[PDB]
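Chains as they are written, first to last, in the deposited numbering: chain B, 24 to 101; chain F, 24 to 101; chain E, 38 to 134; chain A, 38 to 134; chain C, 11 to 118; chain G, 13 to 117; chain D, 34 to 123; chain H, 32 to 124. Take a look at the structure below.
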Amino acid sequence: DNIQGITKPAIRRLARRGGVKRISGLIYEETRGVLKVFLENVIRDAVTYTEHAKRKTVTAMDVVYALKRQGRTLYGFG
Amino acid sequence: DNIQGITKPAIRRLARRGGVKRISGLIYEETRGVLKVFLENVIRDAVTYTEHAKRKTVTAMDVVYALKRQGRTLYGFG
Amino acid sequence: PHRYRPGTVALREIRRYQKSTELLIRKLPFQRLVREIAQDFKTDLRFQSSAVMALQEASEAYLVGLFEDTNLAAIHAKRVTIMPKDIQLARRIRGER
Amino acid sequence: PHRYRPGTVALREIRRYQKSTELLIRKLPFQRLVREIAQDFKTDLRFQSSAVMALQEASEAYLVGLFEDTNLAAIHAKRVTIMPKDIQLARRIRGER
Amino acid sequence: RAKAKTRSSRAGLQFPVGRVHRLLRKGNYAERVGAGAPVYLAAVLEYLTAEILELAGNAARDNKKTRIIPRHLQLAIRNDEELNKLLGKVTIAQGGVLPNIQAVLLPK
Amino acid sequence: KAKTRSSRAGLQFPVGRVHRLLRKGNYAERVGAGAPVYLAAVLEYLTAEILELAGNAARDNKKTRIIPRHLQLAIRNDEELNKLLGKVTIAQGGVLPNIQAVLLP
Amino acid sequence: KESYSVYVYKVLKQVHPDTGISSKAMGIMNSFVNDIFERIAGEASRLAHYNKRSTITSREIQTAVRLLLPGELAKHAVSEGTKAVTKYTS
Amino acid sequence: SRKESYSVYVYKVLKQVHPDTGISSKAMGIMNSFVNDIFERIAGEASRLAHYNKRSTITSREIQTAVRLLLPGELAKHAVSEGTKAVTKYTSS
DNA sequence: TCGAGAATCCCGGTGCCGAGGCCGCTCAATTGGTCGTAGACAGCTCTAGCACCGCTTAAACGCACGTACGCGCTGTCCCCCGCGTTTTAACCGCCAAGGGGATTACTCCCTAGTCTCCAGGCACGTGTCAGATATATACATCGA
DNA sequence: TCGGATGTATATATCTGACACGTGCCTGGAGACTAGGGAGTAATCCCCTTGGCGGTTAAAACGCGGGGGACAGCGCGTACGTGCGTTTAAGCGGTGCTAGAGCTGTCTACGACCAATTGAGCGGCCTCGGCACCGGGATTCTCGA
């Protein structure tokens, strides 16, 4: 039950960074759900890369490749 | 100009296919503008493709390659 | 004098234009527009019929998708009519602008 | 005995977290969530701290963009508070279902 | 000299192993191409084509038509929940859009 | 006696390394003589523009060392570089400080 | 000119023996096959380049399939691919 | 593990532009990932262009067309001009 | 409820043109040998990821109170839909031509390939200063 | 509009830990020469794209109700900011240590590659049945009453 580990003030901080003034109650649950979906999608490809590499450790480069395949290029890790 | 060739009934038919019940009067000019922008974007890539081949004819391959470049793959033309 | 209630002739034609697979834009004006737009890139260009047909199909699909997205945006604002602010909202969320 | 009127503390924060770059989510809970999610794909799978940090930052950026989009959608609806329907509209317009 | 049995028949497929091998070699994908890679790719392509054609034929049958047209392709792609996201960024020429009217817009 | 191709073209980026990477990338059967030079020139110009914007953005903050935040500010503020890197996330970069006019009181 | 026309027709008749296909539908099927082929081949080449491998084998194509096909599609695709590879080897 | 990077060359470019500045390690890693991404993007577009015209050689024409396709307007013009200038100087010497 | 009116599905009859099949008939996929070599496999090393353990403290949280505003209700009014009337240029068929997009033949010159050598750039060690941090001060603003 | 009380940069000392500089060496980038194959050049010639003319009319433009929806204003009560004690757990520092990534050494089975060669797939020619279309009829929404 670590999806609740992303606390309500964390979502509030992210919304403030995005520039949001007021927050509804259901926003926390909805953002937890969408984050869970996004991490599932990215980690699926990362683990697939790890499987194809015959490795048991997920290096940052595999995560970079998974993000690139999803249309979200990441700079600063390789 | 020729952008006026995209008549108001054409915009109405496009909205109907999109599933829109009522059209405001300002929709038509904005739709013409966005269509012009999209056509410019695609035609730039298509014409660059036909220049690279040292050709003065814009084939269907150039158009489909341009569309695929903007992530708009088109099926049915080669 | 039978007068249809304003609104039924919308959903009626909507069923028709969603059931059909036409191109909804007159071919000659669109070809003229494509030739004009390409004139600003290279002088004295020639366009294959398949090329202009593909351009028309791509523009058709793009515009119907944009019209679906702006319909969703207009519904979100508790409205039935689509207004340009919905157009720029959809285009901005889609990352175009 | 004073009190800050609603709205000012939101900006005292919006400016603070926009002018400064941080992670904004506790490292260990997010790492535990990442491991829990990855457990459903491969058992007893190891990770790297660099990979966890990359996933952290990617998630931060994704939500930040999603929050900008949903804020704009909420403002389009003549509103200020963001509702879950705003998130759903943003995700549907972006194509993420 | 023995009988020239095709590789597709040897693998029990319908898509070409030889042609896919040639396209993989000439596509500049890799310096070398394994023996089983064309077979695997031909099998995957054949399965995908079979699924698309099955759903397209079902859609055509729903329309009381025998021959398959692009409209049936569009219906088959956009009705399924996986082929839609596999082909979410593509457009089917003359395929149109699937019928969908928002419930809010309906009268009464 | 030996002169590097980078210096022969009046460039800073390695023409030889670009040529080797073009050979190794399985991009095409053969690589032209001037293709690595052209690609290195394009990369050098793009890096020059990026570093110039990063540097003057950093100087705007009275910092003489360029950090990822300065890179993010430089890329997002410029219209064309933002278009080129619209779908790119810069680690530890942050976002442009902007608040919608409706939110202000 | 190379086209998957006869091949798609054979698959159709295997699945729907009493169903025809139009020329435009056949062209769309050919375009779909080419797109999927180039996508999977590009992903396999990318995997080989990432893992410093000079050849693409059934493993690379399998991983590319798993990456580019969602959920049940990937499972059935890898099932058919493994079946065909096992049939070919024996 | 002889890892290759673009550190020295990008540092040279910075000293060419701003002689009194420096790059942090994270920012330099972002620079390396930016140059690698741009390089692979242009090379892939050039390979696609070569394969589209039944051509089996990547020349300056292919790189020119690729950079014209990927970069925005004024960026494309400036990059094409600078690349042509570099190609001509390399050819002269 | 309801019935004239208006679309709408449906079914029969007619046409017509693309889907399909057949028949040559090239050419590229199959066989079968060598020839080299990529990675398959096993093994050694060292390294960084996992687990614990305790500390100090940021912050998460559950809880109160005030009130901003999200939403529903009322009303106005205006602009967009539906339909009838009047252009009009889109469409279809046709013919003419020229021009340029593919082809075939011939060099030809440019790059893959191989051998040699060297200098540059990357891993290593290190002295150094750009900047975070701690402490006190100007200063644009919620209530009468 | 201001007394005044905050979190807003500003002004200056202290580490300090990343940063840029000697450095050396080995390995990939230059020079040097071949050759032979991809590509430019030349001719050509036939498709097809541009151009334009006449007839039909489906479609577009325009005008006129008028009504239903966009929008402004008010009321409310309801959920959402704000201090605050706390308690909850998160970084922060130190070590154990061990699975596991990374690099080495055989060498073997696998992938080019080239000489026949042949059957499968491609181009061209019927050819007829699916499907488009039209016309009359049964059937199903609709909107004023």
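Cβ coordinates follow ideal geometry from the N, Cα and C atoms, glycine included.
Length of the line joining the Cα atoms of residue i and residue j
i, j, result
"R95(B)", "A14(G)", "43 Å"
"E64(G)", "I62(A)", "33 Å"
"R72(H)", "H31(G)", "15 Å"
"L126(E)", "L49(F)", "15 Å"
"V49(C)", "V118(D)", "6 Å"
"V57(F)", "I34(F)", "12 Å"
"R11(C)", "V27(C)", "22 Å"
"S86(A)", "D68(H)", "23 Å"
"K57(H)", "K57(D)", "53 Å"
"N108(E)", "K108(H)", "39 Å"
Which listed residue (the options) has its alpha carbon closest to that of residue i
i, options, result
"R131(A)", "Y57(C), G98(C), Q24(C), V27(C)", "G98(C)"
"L60(E)", "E94(E), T107(E), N108(E), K122(E)", "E94(E)"
"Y121(D)", "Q24(C), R11(C), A12(C)", "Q24(C)"
"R42(G)", "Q47(H), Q95(H), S78(H)", "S78(H)"
"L33(C)", "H82(H), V44(H), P50(H), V39(H)", "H82(H)"
"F65(D)", "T88(D), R86(D), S38(D)", "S38(D)"
"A91(E)", "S19(C), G22(C), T101(C)", "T101(C)"
"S112(D)", "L55(C), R35(C), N73(C), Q112(C)", "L55(C)"
"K36(C)", "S124(H), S87(H), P103(H)", "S87(H)"
Rounded distance between the beta-carbons of residue j and residue i, thought under 8 Å
i, j, result
"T80(B)", "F78(A)", "Rounded, the Cβ-Cβ distance is 14 Å, inconsistent with contact."
"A110(A)", "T118(A)", "That belief does not hold up - the Cβ atoms of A110(A) and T118(A) are roughly 12 Å apart, past 8 Å."
"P80(C)", "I61(D)", "6 Å"
"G42(F)", "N110(C)", "6 Å"
"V107(C)", "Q55(E)", "6 Å"
"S91(D)", "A47(C)", "6 Å"
Any C-beta of chain E under 8 Å from that of residue i
i, result
"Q112(C)", "yes"
"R53(A)", "no"
Within-8 Å CB hit, residue i to chain G
i, result
"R95(B)", "yes"
"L102(H)", "yes"
"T96(H)", "no"
"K85(H)", "no"
"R36(B)", "no"
Cutoff 8 Å: residue i Cβ touching any chain C Cβ
i, result
"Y40(D)", "yes"
"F61(F)", "no"
Sequence-distant residues of its chain with Cβ nearer than 7 Å to residue i (five each side left out)
i, result
"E76(D)", "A97, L100, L101"
"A69(C)", "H82, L85, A86"
"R72(A)", "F84"
"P121(A)", "none"
Same chain, Cβ closer than 6 Å to residue i, neighbours up to 5 away in sequence not counted
i, result
"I26(F)", "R55, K59"
"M84(B)", "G101"
"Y57(C)", "none"
"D106(E)", "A127"
Chain D within 8 Å of residue i, Cβ atoms only
i, result
"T71(B)", "yes"
"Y88(B)", "yes"
"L85(C)", "no"
Below-8 Å beta-carbon distance, residue i vs any chain B residue
i, result
"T88(D)", "no"
"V107(G)", "yes"
"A91(A)", "yes"
Min CB distance residue i to chain H below 8 Å
i, result
"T101(G)", "no"
Close Cβ partners of residue i (< 8 Å) along its chain, the five nearest in sequence each way excluded
i, result
"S96(A)", "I62, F67"
"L90(B)", "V65, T96, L97"
"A52(G)", "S18, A21, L23, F25, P26, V27, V30"
"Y51(F)", "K31, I34"
Proximity test, Cβ basis, 8 Å: residue i and chain F
i, result
"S56(D)", "no"
"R69(E)", "yes"
Within-8 Å CB hit, residue i to chain A
i, result
"residue 6(G)", "Residue 6(G) lies beyond the residue range present for chain G, which begins at 13 and ends at 117; the question has no answer from this structure."
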